[PDB]
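A.B. asks: Generate coordinates for the sequence data below:
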Amino acid sequence: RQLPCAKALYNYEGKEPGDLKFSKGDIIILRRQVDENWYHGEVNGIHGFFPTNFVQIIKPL
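C.D. replies: Numbers count the residues shown, from 1 in each chain. Right below this line is the structure:
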């Protein structure tokens, strides 16, 4: 089956171990929605957290 996923609208990264780094246009697999403001997702087997408003959902969780 197709995994939940989203397209990055903007670049993101951070200095916390858990921040997911990505560029605008990247396709991110969604793994968990922490709260209204944060997802856990992954790109290329690298996991981390990022803001919900920085992506456009393709397939929801």
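A.B. asks: Next up, the contacts around the residue positioned nearest the centre of the chain.
C.D. replies: By Cα atoms, centre = their mean, the chain has its centre lying nearest to residue 41, at 4.3 Å. Residues in contact with residue 41 (Cβ atoms under 8 Å, 6 or more residues apart in numbering) are 6, 20, 28-31, 47-48, 50. Any C-beta I mention is one placed from the backbone N, CA and C, and that applies to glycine too.
A.B. asks: Filter those residues down to just the ones in strands.
C.D. replies: 6, 28-31, 47-48, 50 (DSSP state E).
A.B. asks: Most neighbours among those residues, which one is it?
C.D. replies: The most crowded member of these, judged by other Cβ atoms under 10 Å, is residue 50 (25 neighbours).
A.B. asks: tell me the contacts of that one?
C.D. replies: Contacts of residue 50 by Cβ under 8 Å, 6+ apart are 12, 19-20, 22, 28, 38-39, 41.
A.B. asks: and what of residue 59?
C.D. replies: 2-5, 30.
A.B. asks: which residues of this protein fall in strands?
C.D. replies: Under DSSP E, the chain gives strands at 5-8, 27-33, 38-43, 46-51, 55-59.
A.B. asks: between the third one and strand 46-51, how big is the angle?
C.D. replies: By that I understand strand 38-43. On the basis of axes from the mean of the first three to the mean of the last three Cα atoms, to 10 degrees, strand 38-43 is oriented at 150 degrees to strand 46-51.
A.B. asks: what angle do strand 38-43 and strand 27-33 make?
C.D. replies: Going by the same axes, to 10 degrees, strand 38-43 makes 140 degrees with strand 27-33.
A.B. asks: Strand 38-43 pairs with which strands, parallel or anti?
C.D. replies: strand 27-33 (antiparallel), strand 46-51 (antiparallel) (DSSP bridges).
A.B. asks: what's the spacing between the nearest residue to residue 58 once chain neighbours are set aside and residue 55?
C.D. replies: Nearest non-adjacent residue to residue 58, counting by Cβ to Cβ, 6 or more residues apart in numbering: residue 5, 4.8 Å away. Remark: distance between residue 5 and residue 55 (Cβ to Cβ, to the nearest Å) = 9 Å.
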